[PDB]
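Please read the structure below before turning to the comments.
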Amino acid sequence: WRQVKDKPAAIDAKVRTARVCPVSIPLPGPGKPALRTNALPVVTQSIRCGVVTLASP
Amino acid sequence: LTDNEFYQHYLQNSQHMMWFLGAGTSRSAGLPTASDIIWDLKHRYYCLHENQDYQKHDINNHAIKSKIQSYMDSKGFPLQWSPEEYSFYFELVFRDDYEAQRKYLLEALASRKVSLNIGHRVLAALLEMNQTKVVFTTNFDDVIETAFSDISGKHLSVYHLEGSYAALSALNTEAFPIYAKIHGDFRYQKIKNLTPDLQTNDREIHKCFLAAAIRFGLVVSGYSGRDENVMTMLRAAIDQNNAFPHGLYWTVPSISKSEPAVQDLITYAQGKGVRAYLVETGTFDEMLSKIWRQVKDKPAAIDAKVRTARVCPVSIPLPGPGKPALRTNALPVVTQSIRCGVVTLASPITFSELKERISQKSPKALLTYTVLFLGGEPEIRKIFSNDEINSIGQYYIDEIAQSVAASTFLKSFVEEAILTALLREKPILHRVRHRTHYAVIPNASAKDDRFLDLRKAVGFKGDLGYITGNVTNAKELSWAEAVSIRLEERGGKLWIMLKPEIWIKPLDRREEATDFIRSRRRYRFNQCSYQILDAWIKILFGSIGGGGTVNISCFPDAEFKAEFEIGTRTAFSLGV
Amino acid sequence: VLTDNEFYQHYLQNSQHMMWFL
Amino acid sequence: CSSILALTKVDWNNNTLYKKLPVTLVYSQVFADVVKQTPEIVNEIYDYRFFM
Amino acid sequence: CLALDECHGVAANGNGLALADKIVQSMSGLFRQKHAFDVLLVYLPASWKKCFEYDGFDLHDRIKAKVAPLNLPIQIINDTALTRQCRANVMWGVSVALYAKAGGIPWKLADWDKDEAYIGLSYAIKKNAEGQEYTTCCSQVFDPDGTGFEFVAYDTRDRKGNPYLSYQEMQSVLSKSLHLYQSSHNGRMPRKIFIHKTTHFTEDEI
Amino acid sequence: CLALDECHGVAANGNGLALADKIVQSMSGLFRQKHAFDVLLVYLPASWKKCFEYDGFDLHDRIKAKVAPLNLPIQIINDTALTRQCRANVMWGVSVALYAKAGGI
Amino acid sequence: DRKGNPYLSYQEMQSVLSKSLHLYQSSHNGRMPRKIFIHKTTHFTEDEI
DNA sequence: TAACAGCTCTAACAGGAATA
RNA sequence: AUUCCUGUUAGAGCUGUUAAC
DNA sequence: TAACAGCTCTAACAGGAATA
RNA sequence: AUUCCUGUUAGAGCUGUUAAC
Ligand SMILES: Nc1ncnc2c1ncn2[C@@H]1O[C@H](COP(=O)(O)O)[C@@H](O)[C@H]1O
Ligand SMILES: [Mg+2]
């Protein structure tokens, strides 16, 4: 609806597409003068670790 | 080649003339151009990915155009109005979906926004009345089809790429008029509009153009080159025997802004022996308007549709006088036909010459040029000797209103004649200011009984007023009541206009009495003006404005006499 | 399969005649 | 992105090509300093030509 | 005009407020002749550097804050502008600054949309004795229906300890911004509003 | 604001174009505060009559065309509005003009 | 550009009228005007009509 | 293209105030 | 130019009608 | 309310001048 | 302070996770 054309004023006042609180705009395709950033990806999705239980806070 | 010589050349041989109209005529037909299509595509593309409201921002705004173009340049797309852009944006938006591309191109160039103007209608009239037989076009929308259907009332045979070879046969069997679209209708699968499709030419349409080259000469308008396939087809058409029997007339709205491709093609054609000429004739619409103007014996049936302004609209009739009624100052002159005298001169005469002869001789007659004279022949003999006069005869004006409307000389002559008639037998003096006539109460005879009613008209609170005298604070200016009398041609009727005025004896010293003229006229309200107009009607006509048909003749004792009859009651009409 | 954006383009080009099943 | 990029170019007080921030941010910072120093300005709004 | 002599004396005292007020009183001879001149060129010598900057006080900031309600622009010039080697750099700077302070517009954003207003909010620190003070002010750079374009800042206001505007304060400053934009464009709504904040927006602030 | 005294010199010189330019240039003090006001009441003393209207020129139209792109409405007031016999006439006219130029309708 | 007479030609009249209804459409979200009144102090030539 | 006719307009001035 | 349009003085612009060129 | 972790910004100084 | 914002030295405000009061 945000790209439908020639809509009467009353309808747009009625709907107004409410409001977008959690903004989420799509990232474009990877595409193909590239820029090289300093970020190294980390693909370790999970790790194992230890827990100790204490008798006192 | 100057434009006027091109017009004369085209008019001389208009029966053998192909036309070539690609994307240039559509600009003026109410449908978007190539640049408008590109900008629309950019608008959809930008609004689609970057989620923005489509109708919130327009497309012909400068700021939004710059922002969208900057966005397009951000993704590395072509910069500005450069080749391989229109096809590029089409293939970008529609990602090689020729059905959707066709549907969009149909919707943008659909047959609802098109409003035919003079150019397309004139070309369609040339098609129907059979001067131009072949109209090639690189254009998709059915502007010429709609124009021909509107004007001729007959279905037009449009040719395209689907059939392809249909046009060539029509040419061979002389099934004119033919309207072959080199790039085909948008109603069909193949449109041939992208750059990759614009490098090749259909074999059969190519052959049809080559064959049509020999038969007629080409006039190409609204075409700026930039197409390789059409340019090479034209070049191949040049490179054959008697390529154009009537020369290739390439017309551009501006010679200076014409692309170099057109000029070098013209030079190549001239080098190949044909008489191809490049001319500038302004826009396509003006060119076709002039061409239609020079057309002789255009049928009335089609010309009633070519130029709808030529026919007279708004002939809305007026109702009856049935059922407060304003009383105007117009006296209807019911005289329909009059008699005048004509003198034939051995040498041509000028209206100015006759006017100066009037000024010098000052005869007791009237004359005008068209030489119609009203009065006695001996007066004309005084004005013109026997040597310069060939014969003296009669003239009859069967329709006075049409005659005065047609020629302003007749208007002035009849106005002067009726003015002389009205003041012929009356003491009221006759003067002129600029080009108007004034009947003014004379100074000496201001005590006449026929002025007493007028004396009542100007009187204050019913007492006796004043008609003539001297200004309150002027050295020598003298003032009198007067009426400006004029002739008005309204529709098919003639009326006498009376307007009460304050005449000033010195002509050039009228402004010095302006305040007085204002002061005397401050309180001439509806009742007072009604009284003055009635008094002036009585003075000028001798009868009160009830059921009267007083008739007045000018020069009653003359062989050529004009006898007018004016109703003594001014125009009136009760409210509905 | 097709990207949602081209589906939006096709819907918007011809939306006068397209159903809606829910 | 385009709005901010264009906004970083209309700082007349700056005599270089651009800034790090849009002129809105830098002028809001400058007026924030001005107001922090002088509390009796809060009532009225002021043009950029004064504090630039 | 000449700077009144006691300013030099207060230069020894290290009293920034007194120095600024004395400078304002020195320029007071120019209050009546506002029509004659467009831009004032206040010069602060290096000898006054002791009062140039110190904790809780900014000399140029105080001077401009005092002179702005009187409606007369100043382009303060210190020894830096004289010192600075490259003359063309400083000359471009001062020339553009003076032309824009007179009332002219050296340049404008090409093909800028007149229906979009770009709000920008920032803040500053006042180191109070007991706590901290956050001063938040807004600015607008919209383009009116005319050819020139506007650029106006204003305070967002009684006391704030955090730089996040609450519901009331943020809606008030945005309503004031909306009225400001309406006043220029005959009363037309802004079809799109940009807000640039240095810190994140709170849930109530949005 | 106050008009420059050079306007008087230009008016004595009888130069309409320069007079209009000087009147417009006098507006910079208000232009630094364009947001502050809605309508500007420009007054012209009778001593400038020599440049009010002459051939190939009209001061009112020049001023209106010079300040139209600057978006500030202007209500020009001559001495006539002051010396018109009646007062409610001038008051009604000026008030309705002021309301129309500041807002509208 | 230049006009020697107060009567608009074909192209100028069409351009002015185009600007007019485009302004109306912008102020009417694209809706076409149904009645148009063009008042002129002088008579319309054939080109203007 | 040069006059001439009418119809109508603006371009400069001047100018007084709503039936008395 | 708070307004209004009433006149004066001029010139153009269109139409024409002739004479041409 | 008192620590702890991170993100981020301003407060005060100091500081050289755009491929060498 | 014609300007630019790179560093240094610190502190605050936001979030969180604990301990509670
Ligand atoms: N009114 C017009 N009459 C004649 N030619 C035109 C007109 N408008 C545009 N053109 C020509 O059409 C060309 C554009 O066609 P194209 O760009 O090939 O689609 C321009 O270069 C113009 O020379
Ligand atoms: Mg500065």
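Letters A, B, ... go to the chains of the structure tokens in the order shown; residues in each chain start at 1; ligands are counted from 1 in the same order.
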
Practice problem: Go through the chains and note each residue within 7 Å of ligand 1, using only C-alpha atoms (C1' of nucleotides) and all ligand atoms, then give the set as an NGL selection string. | Solution: :B and (22-25 or 27-28 or 33-34 or 221-226 or 252-253 or 258 or 282-285)

Exercise. Check every protein, DNA and RNA residue against ligand 2, keep those with an atom at most 6 Å away (counting only C-alpha atoms (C1' of nucleotides) and all ligand atoms), and present them as a list in words.
Key: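 If we count only C-alpha atoms (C1' of nucleotides) and all ligand atoms, the neighbours of ligand 2 turn out to be residues 13 and 52 of chain D; 75 of chain E.
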
Write out as a Markdown table the residues of chain H that have any atom within 12 Å of an atom of chain G, one row each with the nearest atom pair and its distance in Å to one decimal, counting only C-alpha atoms (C1' of nucleotides), sorted by chain and then rising number.
| residue | atom | partner | partner_atom | distance |
| --- | --- | --- | --- | --- |
| H:7 | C1' | G:42 | CA | 10.2 |
| H:8 | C1' | G:42 | CA | 7.4 |
| H:9 | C1' | G:42 | CA | 7.8 |
| H:10 | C1' | G:6 | CA | 10.9 |

Using only C-alpha atoms, tabulate the residues of chain D lying at most 12 Å from any atom of chain F, each with its closest atom pair and that distance in Å to one decimal, by chain and increasing residue number, as CSV.
residue,atom,partner,partner_atom,distance
D:44,CA,F:36,CA,9.8
D:45,CA,F:36,CA,8.9
D:46,CA,F:33,CA,7.8
D:47,CA,F:32,CA,6.6
D:48,CA,F:32,CA,8.7
D:49,CA,F:32,CA,7.1
D:50,CA,F:32,CA,8.3
D:51,CA,F:32,CA,11.7

Using N, CA, C and O atoms, can you export the residues from the last selection as a compact mmCIF listing (two decimals), in the first residue's frame?
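To be explicit, this is the file written out as result-v6.txt:
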# COMPACT_ATOMS: atom_id res chain seq x y z
N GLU D 44 13.80 32.26 23.86
CA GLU D 44 13.75 32.66 22.46
C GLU D 44 14.59 31.75 21.58
O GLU D 44 15.59 31.18 22.02
N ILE D 45 14.15 31.61 20.33
CA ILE D 45 14.87 30.87 19.30
C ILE D 45 15.74 31.84 18.52
O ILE D 45 15.40 33.03 18.38
N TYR D 46 16.88 31.36 18.03
CA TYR D 46 17.86 32.23 17.39
C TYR D 46 18.30 31.64 16.07
O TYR D 46 18.33 30.42 15.89
N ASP D 47 18.66 32.52 15.14
CA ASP D 47 19.15 32.12 13.83
C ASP D 47 20.59 31.63 13.92
O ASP D 47 21.28 31.83 14.92
N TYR D 48 21.04 30.97 12.85
CA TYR D 48 22.40 30.45 12.83
C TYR D 48 23.43 31.56 12.65
O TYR D 48 24.57 31.42 13.11
N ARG D 49 23.05 32.66 12.00
CA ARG D 49 24.01 33.72 11.71
C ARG D 49 24.54 34.40 12.97
O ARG D 49 25.58 35.06 12.91
N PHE D 50 23.84 34.26 14.10
CA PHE D 50 24.32 34.86 15.33
C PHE D 50 25.46 34.06 15.94
O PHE D 50 26.51 34.62 16.28
N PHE D 51 25.28 32.75 16.07
CA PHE D 51 26.20 31.89 16.80
C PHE D 51 27.20 31.18 15.91
O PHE D 51 28.00 30.38 16.41

Quiz item: So how far away is CA of residue 373 (chain B) from CA of residue 351 (chain B), in Å?
Solution: 12.6 Å

Exercise. Do a neighbour search on region 4-20 of chain I at 10 Å with only C-alpha atoms (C1' of nucleotides), toss out local chain neighbours closer than 3 positions, and write the hits as a ChimeraX atom specification.
Key: /B:348-351,369-370,405-410,508,510-512,514-515,517-518 /G:4-7,42-43,45 /H:1-17

Self-check item: Filtered DSSP result for chain C, state helix (DSSP H, G or I), as a list in words
Solution: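 These are the residues in question: residues 4, 5, 6, 7, 8, 9, 10, 11, 12 and 13 of chain C.
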
Exercise. Take CA of residue 32 (chain D) and CA of residue 189 (chain E) and report the distance between them in Å, one decimal.
Key: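 Those two atoms sit 27.2 Å apart.
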
Quiz prompt | Coordinates-based distance that separates CA of residue 257 (chain B) from CA of residue 179 (chain B) (Å, one decimal) | solution =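 One can read the CA of residue 179 (chain B) to CA of residue 257 (chain B) distance as 28.6 Å.
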
Quiz item: Once you count only C-alpha atoms, which residues of chain A turn out to be within 10 Å of chain G? Could you give them as a ChimeraX atom specification?
Solution: /A:5-9

Quiz prompt | Within 8 Å of region 125-129 of chain E using only C-alpha atoms (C1' of nucleotides), minus same-chain residues under 3 positions, as a VMD selection string | solution = (chain D and resid 36) or (chain E and resid 56 132 to 135) or (chain J and resid 10 to 11)

Dump as a compact mmCIF listing (two decimals), in the first residue's frame, selection limited to C-alpha atoms (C1' of nucleotides):
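The new file result-v2.txt reads:
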# COMPACT_ATOMS: atom_id res chain seq x y z
CA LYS D 36 24.70 25.98 29.20
CA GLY E 56 32.75 26.48 33.86
CA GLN E 132 25.61 17.17 36.63
CA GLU E 133 23.50 19.31 34.32
CA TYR E 134 22.51 18.27 30.79
CA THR E 135 21.56 21.10 28.43
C1' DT J 10 31.37 15.48 26.67
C1' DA J 11 34.97 18.14 29.53

Exercise. For each of E:16, E:190, E:161, E:93, take the minimum atom-to-atom distance to residue 142 (chain E), counting only C-alpha atoms, then give the residue where this is smallest.
Key: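 The shortest atom-to-atom distance to residue 142 (chain E) comes from E:190.
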
Quiz item: Within 12 Å of residue 32 (chain G), counting only C-alpha atoms (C1' of nucleotides), which residues qualify if same-chain residues fewer than 3 places away don't, as an NGL selection string?
Solution: (:B and (113)) or (:G and (18 or 20-29 or 35-36))

Please produce a file of the residues just selected, as a CSV table (one decimal), in the first residue's frame, where the atoms kept are C-alpha atoms.
chain,number,residue,atom,x,y,z
B,113,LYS,CA,-4.5,10.2,-21.9
G,18,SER,CA,-1.0,22.4,-19.5
G,20,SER,CA,-2.8,25.1,-15.3
G,21,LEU,CA,-4.4,21.7,-15.2
G,22,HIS,CA,-1.2,20.1,-14.0
G,23,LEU,CA,-1.4,22.5,-11.0
G,24,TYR,CA,-5.0,21.6,-10.5
G,25,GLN,CA,-4.2,17.9,-10.6
G,26,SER,CA,-1.4,18.4,-8.1
G,27,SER,CA,-3.9,20.2,-5.9
G,28,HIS,CA,-6.6,17.5,-6.6
G,29,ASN,CA,-4.4,14.3,-6.3
G,35,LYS,CA,-15.2,22.6,-16.0
G,36,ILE,CA,-12.6,25.1,-17.2

Per-residue nearest contacts chain G to chain B, cut-off 8 Å, using only C-alpha atoms, as JSON lines:
{"residue": "G:10", "atom": "CA", "partner": "B:286", "partner_atom": "CA", "distance": 7.9}
{"residue": "G:46", "atom": "CA", "partner": "B:309", "partner_atom": "CA", "distance": 6.0}
{"residue": "G:49", "atom": "CA", "partner": "B:309", "partner_atom": "CA", "distance": 5.9}

Now that the selection is made, can you save its residues with N, CA and C atoms as a tab-separated table (two decimals), in the first residue's frame?
chain	number	residue	atom	x	y	z
G	10	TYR	N	-0.54	28.94	-30.68
G	10	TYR	CA	-0.97	27.59	-30.36
G	10	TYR	C	-0.11	26.99	-29.25
G	46	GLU	N	-8.25	31.99	-33.46
G	46	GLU	CA	-8.47	30.58	-33.78
G	46	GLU	C	-7.42	29.71	-33.11
G	49	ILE	N	-8.28	29.08	-29.36
G	49	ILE	CA	-9.39	28.15	-29.18
G	49	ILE	C	-8.96	26.73	-29.53

Practice problem: Please determine the contact residues of chain F with respect to chain E at a cut-off of 8 Å, counting only C-alpha atoms, and supply them as an NGL selection string. | Solution: :F and (1-4 or 28-29 or 31-32 or 35 or 38 or 68-71 or 102-103)

For N, CA, C and O atoms, I'd like the residues from the last selection saved as a PDB file, in the first residue's frame.
ATOM      1  N   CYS F   1      12.892  47.925  11.823  1.00  0.00           N
ATOM      2  CA  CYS F   1      14.107  48.331  11.136  1.00  0.00           C
ATOM      3  C   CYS F   1      14.022  49.781  10.670  1.00  0.00           C
ATOM      4  O   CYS F   1      12.964  50.411  10.680  1.00  0.00           O
ATOM      5  N   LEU F   2      15.174  50.305  10.256  1.00  0.00           N
ATOM      6  CA  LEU F   2      15.310  51.678   9.791  1.00  0.00           C
ATOM      7  C   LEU F   2      15.930  51.675   8.403  1.00  0.00           C
ATOM      8  O   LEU F   2      16.955  51.022   8.180  1.00  0.00           O
ATOM      9  N   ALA F   3      15.312  52.401   7.477  1.00  0.00           N
ATOM     10  CA  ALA F   3      15.847  52.498   6.128  1.00  0.00           C
ATOM     11  C   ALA F   3      17.160  53.273   6.125  1.00  0.00           C
ATOM     12  O   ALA F   3      17.374  54.176   6.935  1.00  0.00           O
ATOM     13  N   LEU F   4      18.046  52.903   5.202  1.00  0.00           N
ATOM     14  CA  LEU F   4      19.314  53.608   5.072  1.00  0.00           C
ATOM     15  C   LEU F   4      19.073  55.053   4.657  1.00  0.00           C
ATOM     16  O   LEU F   4      18.137  55.357   3.916  1.00  0.00           O
ATOM     17  N   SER F  28      17.834  43.376   5.692  1.00  0.00           N
ATOM     18  CA  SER F  28      18.697  42.314   6.206  1.00  0.00           C
ATOM     19  C   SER F  28      18.558  42.154   7.715  1.00  0.00           C
ATOM     20  O   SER F  28      18.622  41.031   8.238  1.00  0.00           O
ATOM     21  N   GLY F  29      18.395  43.264   8.437  1.00  0.00           N
ATOM     22  CA  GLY F  29      18.211  43.173   9.875  1.00  0.00           C
ATOM     23  C   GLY F  29      16.993  42.353  10.247  1.00  0.00           C
ATOM     24  O   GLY F  29      17.005  41.615  11.234  1.00  0.00           O
ATOM     25  N   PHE F  31      15.769  40.076   8.089  1.00  0.00           N
ATOM     26  CA  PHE F  31      15.989  38.753   7.514  1.00  0.00           C
ATOM     27  C   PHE F  31      16.782  37.857   8.449  1.00  0.00           C
ATOM     28  O   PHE F  31      16.621  36.633   8.414  1.00  0.00           O
ATOM     29  N   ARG F  32      17.640  38.440   9.287  1.00  0.00           N
ATOM     30  CA  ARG F  32      18.253  37.640  10.342  1.00  0.00           C
ATOM     31  C   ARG F  32      17.217  37.124  11.333  1.00  0.00           C
ATOM     32  O   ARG F  32      17.512  36.199  12.096  1.00  0.00           O
ATOM     33  N   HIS F  35      12.015  34.390  10.886  1.00  0.00           N
ATOM     34  CA  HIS F  35      11.057  33.587  11.632  1.00  0.00           C
ATOM     35  C   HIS F  35      10.251  34.412  12.627  1.00  0.00           C
ATOM     36  O   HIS F  35       9.151  33.997  13.008  1.00  0.00           O
ATOM     37  N   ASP F  38       5.664  37.909  10.642  1.00  0.00           N
ATOM     38  CA  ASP F  38       4.874  37.375   9.540  1.00  0.00           C
ATOM     39  C   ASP F  38       4.691  38.371   8.404  1.00  0.00           C
ATOM     40  O   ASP F  38       4.797  37.993   7.234  1.00  0.00           O
ATOM     41  N   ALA F  68       9.186  38.941  -3.347  1.00  0.00           N
ATOM     42  CA  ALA F  68       8.394  37.726  -3.524  1.00  0.00           C
ATOM     43  C   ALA F  68       9.226  36.454  -3.404  1.00  0.00           C
ATOM     44  O   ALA F  68       8.800  35.535  -2.683  1.00  0.00           O
ATOM     45  N   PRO F  69      10.387  36.315  -4.057  1.00  0.00           N
ATOM     46  CA  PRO F  69      11.181  35.093  -3.855  1.00  0.00           C
ATOM     47  C   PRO F  69      11.742  34.955  -2.454  1.00  0.00           C
ATOM     48  O   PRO F  69      12.211  33.867  -2.102  1.00  0.00           O
ATOM     49  N   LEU F  70      11.728  36.014  -1.650  1.00  0.00           N
ATOM     50  CA  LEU F  70      12.208  35.938  -0.277  1.00  0.00           C
ATOM     51  C   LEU F  70      11.104  35.598   0.716  1.00  0.00           C
ATOM     52  O   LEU F  70      11.359  35.598   1.924  1.00  0.00           O
ATOM     53  N   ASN F  71       9.884  35.356   0.231  1.00  0.00           N
ATOM     54  CA  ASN F  71       8.816  34.700   0.980  1.00  0.00           C
ATOM     55  C   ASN F  71       8.191  35.589   2.052  1.00  0.00           C
ATOM     56  O   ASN F  71       7.179  35.215   2.652  1.00  0.00           O
ATOM     57  N   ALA F 102      -0.712  37.297   6.318  1.00  0.00           N
ATOM     58  CA  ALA F 102      -0.199  36.507   7.436  1.00  0.00           C
ATOM     59  C   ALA F 102      -1.193  35.378   7.680  1.00  0.00           C
ATOM     60  O   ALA F 102      -2.132  35.515   8.465  1.00  0.00           O
ATOM     61  N   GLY F 103      -0.973  34.254   7.008  1.00  0.00           N
ATOM     62  CA  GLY F 103      -1.932  33.169   7.028  1.00  0.00           C
ATOM     63  C   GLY F 103      -2.673  33.088   5.712  1.00  0.00           C
ATOM     64  O   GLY F 103      -2.117  32.625   4.712  1.00  0.00           O
TER      65      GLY F 103
END

Self-check item: Neighbour list for residue 25 (chain A) as an MDAnalysis selection string, cut-off 12 Å, only C-alpha atoms (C1' of nucleotides), skip fewer than 5 positions in-chain
Solution: (chainID A and resid 20) or (chainID B and resid 49:52)

Keeping only N, CA, C and O atoms, write those residues as a compact mmCIF listing (two decimals), in the first residue's frame.
# COMPACT_ATOMS: atom_id res chain seq x y z
N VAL A 20 5.66 2.45 12.51
CA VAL A 20 6.69 1.41 12.48
C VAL A 20 7.66 1.69 13.62
O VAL A 20 8.56 2.53 13.51
N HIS B 49 12.59 -0.37 -3.98
CA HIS B 49 13.56 -0.92 -3.04
C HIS B 49 13.66 -0.07 -1.78
O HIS B 49 13.34 -0.53 -0.68
N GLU B 50 14.10 1.18 -1.93
CA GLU B 50 14.02 2.13 -0.82
C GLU B 50 12.55 2.41 -0.58
O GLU B 50 11.89 3.09 -1.36
N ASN B 51 12.02 1.86 0.51
CA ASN B 51 10.58 1.93 0.75
C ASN B 51 10.18 3.37 1.02
O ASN B 51 10.36 3.89 2.12
N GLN B 52 9.61 4.02 0.00
CA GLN B 52 9.13 5.39 0.12
C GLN B 52 7.74 5.46 -0.49
O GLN B 52 7.41 4.73 -1.42

Self-check item: Residue nearest chain B among A:17, A:53, A:44, A:37 (counting only C-alpha atoms)
Solution: A:17
